[PDB]
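With ideal geometry, Cβ positions are generated from the backbone for all residues, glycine too; neighbour counts draw on all protein chains shown. All of this is worked out from the model, or read from it or from the source named; no laboratory read-out is quoted.
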RNA sequence: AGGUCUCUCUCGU
């Protein structure tokens, strides 16, 4: 991924965009009960905590594109992957515009709580002004496609979120690309039938976890897996993906019956952006807040591991490779240890820089005791070893509870952390309840017990 | 101040 030019919006007649500057994250009643090192990521150049140039920092994510031509390894990775997807027999029909707006089985309606992008936002128009849920009115939307068309500019925003102190002072805040309401809809009409089929089939065929409830799905996973596992960590995966890879994605899309719409992958590969008072073009890298980012990133991720395996294990039967990906994240098995230490080399050529799983320095071997996926570990139930707990570690939960974006939801926030916390087990969980109850506000909360949550778990495999 | 998924809470037939 690499920028190409950048200039003052008014140079090109583009408006200034209001990008807010005050984090909504304020410390909570519980800020001092628990311990945590994480702080609200940086939003402007005049930040006390800053240690370098902001603008420089944030756009650094674009390191450049390496490969640009589907090599002979990639081309075969396409075939196998596309082959699997074919087993699913995916409806290739364009999605009904009414469906692509307000949703259908397997695909949720557009989000009315979020911005419509450019140009709707420069006039101050809101998704809620074009869309009505009861009527499910298509008309006015349809005029806006005739009007502004597709392939519109993405509005870039800084994410408002807690990050590590280094990341805060070092300036490595994350970046959102806000989809025009125009393209979300057009993307959907095309790939809506693709999106759902995925949403309906998390697993090792699709190779995507998009759509799985971890509380139930953590137990089905070890079954759908080979013996020796492997895993690693990407650096900047998104803003580092290279034009070749899209051509690879388009190829899989051709091979499964989506040949016409492959146009839209170019508008993701080659995109243009309004950051405040700047404008700029970018060759490569997924745009994050565009439609299908979960499903495309995932699909590409399926191609990479498939590829990089081949470059190393010439003569490896990919027909026994079992992976599930969630964008960059991934958990994967082959009956023999596919030494990840190497893969990360074959990577840095393809623009991909892979580090060892979970900030370890060394490429540790992977096991069902140290493997994470969607930030949760695997622990069999003490009473039913065929039942696996997804374990978010207390540390992360601590970090969440120290802040809030509105004390109104204090109750909901905390209830919500217990539903994650209690898989660590009765002792740790009851310890967590007492720390909450250590302050007056905590003692206000209606929280569930271990026995109720555990009951509920078992019940739901029923 | 984006795209999604899961869970949960609140109110409705």
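Data overview
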quantity	calculated
Verdict on residue A:134 being exposed (fewer than 13 other Cβ atoms within 10 Å of the Cβ) and within 16 Å of RNA strand B (Cβ to nearest atom)	yes
Of the criteria (1) farther than 27 Å from residue A:287 by Cβ; (2) free of Cβ contacts under 8 Å to residues at least 24 places away in the same chain, which one residue A:375 fails	(1)
Number of the exception - residue A:21 against (1) farther than 21 Å from residue A:397 by Cα; (2) more than 16 Å from RNA strand B (Cβ to nearest atom)	(2)
Matching residues in region A:141-167 - criterion: being closer than 19 Å to residue A:405 by Cα and either in contact with a helix residue (DSSP H, G or I) (Cβ under 6 Å, 6 or more places away or on another chain) or within 15 Å of RNA strand B (Cβ to nearest atom) (or both)	A:157, A:158, A:159, A:160, A:161, A:162, A:163
Condition check for residue A:68: in contact (Cβ under 8 Å) with a residue 24 or more places away in the chain, assigned to a loop (DSSP other than H, G, I, E, B) and within 16 Å of RNA strand B (Cβ to nearest atom)	no
Residue list for region A:137-174, filter: crowded, with 16+ Cβ neighbours inside 10 Å and without any contact (Cβ under 8 Å) to a residue 24 or more places away in the chain	none
Some residue of region A:337-351 being buried (at least 19 other Cβ atoms within 10 Å of the Cβ), within 18 Å of the chain's Cα centre (by Cα) and closer than 25 Å to residue A:238 by Cβ	no
Conditions (1) in a loop (DSSP other than H, G, I, E, B); (2) in contact with a helix residue (DSSP H, G or I) (Cβ under 9 Å, 6 or more places away or on another chain); number of the one not met by residue A:219	(1)
Complete set of residues in region A:266-278 that are in contact with a helix residue (DSSP H, G or I) (Cβ under 9 Å, 6 or more places away or on another chain) and surrounded by fewer than 20 Cβ atoms within 10 Å (Cβ to Cβ)	A:266, A:267, A:270, A:276, A:277, A:278
Subset of region A:168-192 (residues that are assigned to a helix (DSSP H, G or I) and either within 11 Å of RNA strand B (Cβ to nearest atom) or closer than 17 Å to residue A:116 by Cβ (or both))	A:181, A:182, A:183, A:184, A:185, A:186, A:187, A:188, A:189, A:191, A:192
Matching residues, region A:48-60, being surrounded by 17 or more Cβ atoms within 10 Å (Cβ to Cβ) and either within 16 Å of RNA strand B (Cβ to nearest atom) or part of a loop (DSSP other than H, G, I, E, B) (or both)	A:54, A:58
So residue A:343, is it more than 30 Å from residue A:107 (Cα to Cα) and not in a loop (DSSP other than H, G, I, E, B)	yes
Only one of A:316, A:324, A:331 that is surrounded by fewer than 22 Cβ atoms within 10 Å (Cβ to Cβ) and farther than 29 Å from residue A:58 by Cβ	A:316
Any hit, region A:97-104, residues being touching a strand residue (DSSP E or B) at 6+ places or on another chain (Cβ under 9 Å), closer than 20 Å to residue A:260 by Cα and within 11 Å of RNA strand B (Cβ to nearest atom)	yes
The one condition in (1) within 30 Å of residue A:95 (Cβ to Cβ); (2) within 22 Å of the chain's Cα centre (by Cα); (3) assigned to a strand (DSSP E or B) that residue A:377 fails to fulfil	(1)
Scope region A:193-216; condition assigned to a helix (DSSP H, G or I) and out of contact with any strand residue (DSSP E or B) (no Cβ under 8 Å at 6 or more places or on another chain); matching residues	A:193, A:194, A:197, A:200, A:216
Hits in region A:193-209 - residues which are within 9 Å of RNA strand B (Cβ to nearest atom), within 18 Å of residue A:329 (Cβ to Cβ) and surrounded by 20 or more Cβ atoms within 10 Å (Cβ to Cβ)	A:198, A:202, A:209
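Listed here are the residues, each with its yes/no results for (1) assigned by CATH to the domain that holds residue A:413; (2) part of a loop (DSSP other than H, G, I, E, B); (3) under 30 Å from residue A:248 (Cα atoms); (4) away from RNA strand B (no atom under 16 Å from the Cβ).
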| site | (1), (2), (3), (4) |
| --- | --- |
| A:4 | no, no, yes, yes |
| A:30 | no, yes, no, yes |
| A:37 | no, yes, no, yes |
| A:43 | no, yes, no, no |
| A:46 | no, yes, no, no |
| A:64 | no, yes, yes, yes |
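Okay, residues lined up against (1) more than 16 Å from RNA strand B (Cβ to nearest atom); (2) surrounded by 14 or more Cβ atoms within 10 Å (Cβ to Cβ); (3) in a helix (DSSP H, G or I):
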| position | (1), (2), (3) |
| --- | --- |
| A:400 | no, yes, yes |
| A:410 | no, yes, yes |
| A:414 | no, yes, yes |
| A:417 | no, yes, yes |
| A:421 | no, yes, yes |
| A:428 | yes, yes, yes |
| A:443 | yes, no, yes |
| A:446 | no, no, no |
| A:453 | no, yes, yes |
